[PDB]
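Protein sequences appear in the order of chains W and H.
Residue 1 is where the first sequence starts when you use the working numbering, and the numbers rise one by one after that.
Residue 1001 is where the second sequence starts when you use the working numbering, and the numbers rise one by one after that.
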Amino acid sequence: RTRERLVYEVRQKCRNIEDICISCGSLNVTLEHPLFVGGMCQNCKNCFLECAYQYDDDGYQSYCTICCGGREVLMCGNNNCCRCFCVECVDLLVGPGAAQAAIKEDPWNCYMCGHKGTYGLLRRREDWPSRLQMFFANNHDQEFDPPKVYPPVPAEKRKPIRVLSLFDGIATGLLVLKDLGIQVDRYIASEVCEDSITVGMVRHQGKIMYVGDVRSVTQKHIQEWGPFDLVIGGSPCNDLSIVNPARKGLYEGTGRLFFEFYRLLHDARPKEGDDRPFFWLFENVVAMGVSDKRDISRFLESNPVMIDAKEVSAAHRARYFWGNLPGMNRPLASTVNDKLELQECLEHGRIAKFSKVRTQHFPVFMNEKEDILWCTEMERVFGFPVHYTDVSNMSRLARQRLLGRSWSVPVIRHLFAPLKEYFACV
Amino acid sequence: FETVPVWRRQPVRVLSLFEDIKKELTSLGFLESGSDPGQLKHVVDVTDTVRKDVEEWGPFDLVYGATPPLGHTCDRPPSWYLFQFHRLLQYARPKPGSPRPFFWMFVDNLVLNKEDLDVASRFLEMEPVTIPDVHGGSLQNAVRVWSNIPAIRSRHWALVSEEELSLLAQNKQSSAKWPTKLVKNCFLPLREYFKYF
Ligand SMILES: Nc1ncnc2c1ncn2[C@@H]1O[C@H](CSCC[C@H](N)C(=O)O)[C@@H](O)[C@H]1O
Ligand SMILES: [Zn+2]
Ligand SMILES: [Zn+2]
Ligand SMILES: [Zn+2]
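Set out below in structure tokens:
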């Protein structure tokens, strides 16, 4: 208990807050903390730089901003910020009961977004943006998707797109494609879960050509299926994300599947001499261990963008996106016809207990009683058409299972947006 | 591939992954001496190896990768060796418009799972040739080889029982020395393209 006693002797004014590290309590101050008044050591600088991206949970960044630790945390309601501050740090540094003073705020803004810069013994630096700007100079230059571009094509002639979908699931890709209003010559997709398959065979009238495992597909299977212009895929996470105790890593269990993509991408991407425009997209969770993400980025030789449905969908969850698509790191464009608030999704006579969802216990109030989110609603929350996923006899839990692991339709619209210029349209 | 006349055979440029066959390739007269400065680029942990690193290491002709010895520690899961090998090997291939003799070999010492072997044989596009060490009519050891080197399927045996193979894996556990003598002879038909000494 070095930290508790050291902060306690900081409060008694027997020691200056500027000579200790406000993160771990070390006296080895190597730098001034960018966000707040106080020192910071080299271990906490590296901790900040690595764990700022290591710790991003789906929908939030999960932090703690201060010690890069923490269990129970207070979550910011500002959608341009999304910082969090643990309860232990607030009770320790600010003062006793200050955490319970912070809570009871339903739209809670953190100490960075707040009007005041001074909370208890905690004091925000007036020059924190540029301090973060210099602090973050030893890192994140190895990431954030340095995209490279293809030359545009004249209208006449411009052919219909040919698309290969690995791990298709619910036909999100063909849907966003048809909605984008571009002709699709061939949509060959590889999916296992029979429910997902049936959804596809119905909601697109059989346009999809279905193949088995990504493992069933041979290098010859690729070129024999004609040349492909676009290869998309979201490999199942499971053993990738850290919220799973049993995670077998990228290399075992369900992680392996990444490489299958990696394989079929390679057996797809055109060789030298081909100036043919060629696009590919690999999506995964942001909850990935840093090791596995490092490896994945190495194998794809590209870096991912962290796109959050928050900006244009009604739910906040963020995913990594690898690829070469135009406007990869482009800022999210929120439409007029997109539903930003949860309330816009619910059926008649139900109200929103929150702004945006997570799945935050029971998001809907009905007849002065808490309730679980509905399917016909959840669809809207993910931007799918209403009753899109109502097909066969499939059980409710199975349906929700399907939407739970799907892509956010408006996000994929944002990705596939600048693609209409390279292919045929209606 | 087409054979290379004697008055044109160069020194062979090799890339030895996770294991080092500098020893065997020198004993086969593929490697001369003095550093070597340099013909065999060996690297044991290529978790941080970019395409540019490989390209910059001079062009390569032979790319060799092996799993750890039978029951040798842990390090990383078996499949890592395979996958990594595959990635770097794509980094090592010559441009389609500039063909040239080019060979590669990945070899396992009974360290891969049944599913891992399936992955190997699917990602390298051939089934493994299994080269046993027998003695007194008994499966002493075994390696399995994936390779494009011209004489490979020329060994592979038969009688080694996949079951008996996976049994021989069980029998030898804690000791572990890499059984290189089994893989040594495979490289022989490579002397048709590179100088001898
Ligand atoms: N071995 C395998 N081969 C092909 N598909 C698989 C697979 N293992 C799991 N899948 C499928 O891959 C999907 C990963 S979740 C991603 C689905 C997709 N992003 C969507 O829009 O819905 C799951 O739906 C699962 O059914
Ligand atoms: Zn510190
Ligand atoms: Zn903290
Ligand atoms: Zn905030």
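Cβ atoms here follow ideal geometry from the backbone N, Cα and C, with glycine treated the same way.
Item	Value
Report back the beta-carbon spacing between residue 431 (chain W) and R1087 (chain H) to the nearest angstrom; my notes put them in contact at under 8 Å.	No information on residue 431 (chain W) is available, as it lies outside the stretch 1 to 426 that chain W covers here.
Which residue's Cα is closest to the Cα of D106 (chain W): W:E379, W:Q142 and W:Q360?	W:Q360
Which bits of chain H does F278 (chain W) rub up against, with CB to CB less than 7 Å?	Going along chain H, no residue has its Cβ under 7 Å from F278 (chain W), so there is no contact; the nearest lies around 15 Å.
Along chain H, in chain order, which residues have C-beta atoms closer than 7 Å to that of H266 (chain W)?	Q1090
Given that a residue counts as buried once 16 or more other Cβ atoms are within 10 Å of its Cβ, and exposed if not, what is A155 (chain W)?	exposed
Shorter than 6 Å, the distance from the beta carbon of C51 (chain W) to the closest heavy atom of ligand 2, or not?	no
Quick check: the Cα distance between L1188 (chain H) and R1144 (chain H), rounded to an integer number of angstroms?	17 Å
How big is the Cα-Cα spacing for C82 (chain W) and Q61 (chain W)?	7 Å
Against chain W, with Cβ distances strictly below 7 Å, would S1138 (chain H) count as a contact?	no
Could you compute how far the alpha carbon of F1102 (chain H) sits from the alpha carbon of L1062 (chain H)?	6 Å
Looking at the strands, I want to know which residues DSSP matches up with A189 (chain W).	W:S165 and W:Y210
Kindly indicate which three-state DSSP category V1129 (chain H) falls into: helix, strand or coil?	strand
In the DSSP assignment, find the unbroken alpha helix (DSSP H) run with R125 (chain W) in it and report its ends.	First-last for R125 (chain W): undefined, no H or E at that position.
Give every residue of the same chain whose Cβ lies closer than 7 Å to the Cβ of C113 (chain W), excluding the five residues on either side of it in the sequence, and list them in chain order.	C76, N78 and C81
Would you say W1080 (chain H) reaches chain W, if we count a Cβ-Cβ gap shorter than 7 Å as a contact?	yes
Report back the beta-carbon spacing between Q54 (chain W) and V285 (chain W) to the nearest angstrom; my notes put them in contact at under 8 Å.	Incorrect: roughly 13 Å between the Cβ atoms, too far for contact.
Contact defined as beta carbons within less than 8 Å: I believe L49 (chain W) pairs with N138 (chain W). What is the distance between those atoms, to the nearest angstrom?	6 Å
If you scan the region 1017–1057 of chain H from start to end, which runs of the alpha helix (DSSP H) of 4 or more residues do you find wholly inside it?	1022–1027 and 1051–1056
Using DSSP's beta-bridge definition, name the partner residues of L31 (chain W).	W:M40
With 8 Å as the limit, tell me which residues of the region 217–245 of chain W have their beta carbon closer than that to any beta carbon of chain H; keep them in chain order.	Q219
By a C-beta neighbour count over all protein chains shown, 10 Å radius and 16 as the cutoff for buried, is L1040 (chain H) buried or exposed?	buried
In the region 272–305 of chain W, which residues sit with their C-beta less than 9 Å from some C-beta in chain H, listed in chain order?	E272, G273, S291, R294, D295, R298, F299 and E301
For the candidate residues W:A333, W:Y187, W:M394 and W:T218, whose alpha-carbon lies nearest to that of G206 (chain W)?	W:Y187
Three-state secondary structure (DSSP) at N46 (chain W)?	helix
Output the boundary residues of the beta strand (DSSP E) element that contains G323 (chain W).	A318 to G323
Identify, in the order they occur along the chain, each residue of the same chain with its Cβ nearer than 6 Å to the Cβ of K1184 (chain H), setting aside the five sequence neighbours on each side.	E1024
Name the DSSP bridge partner or partners of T118 (chain W)?	W:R123
Where does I372 (chain W) land, buried or exposed, given buried means 16+ other C-beta within 10 angstroms?	exposed
Under 8 Å by Cβ, that's how I've got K420 (chain W) and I232 (chain W) pegged, so tell me the actual separation to the nearest angstrom.	Contact doesn't hold; Cβ gap of about 15 Å is too wide.
I'd like to know whether the C-beta atoms of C14 (chain W) and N28 (chain W) end up nearer to each other than 7 Å.	no
If you draw a straight line from the C-alpha of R413 (chain W) to the C-alpha of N244 (chain W), how long is it?	30 Å
Below 7 Å CB to CB, which residues in the same chain sit around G249 (chain W) once its five sequence neighbours on both sides are set aside?	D239, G255 and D292
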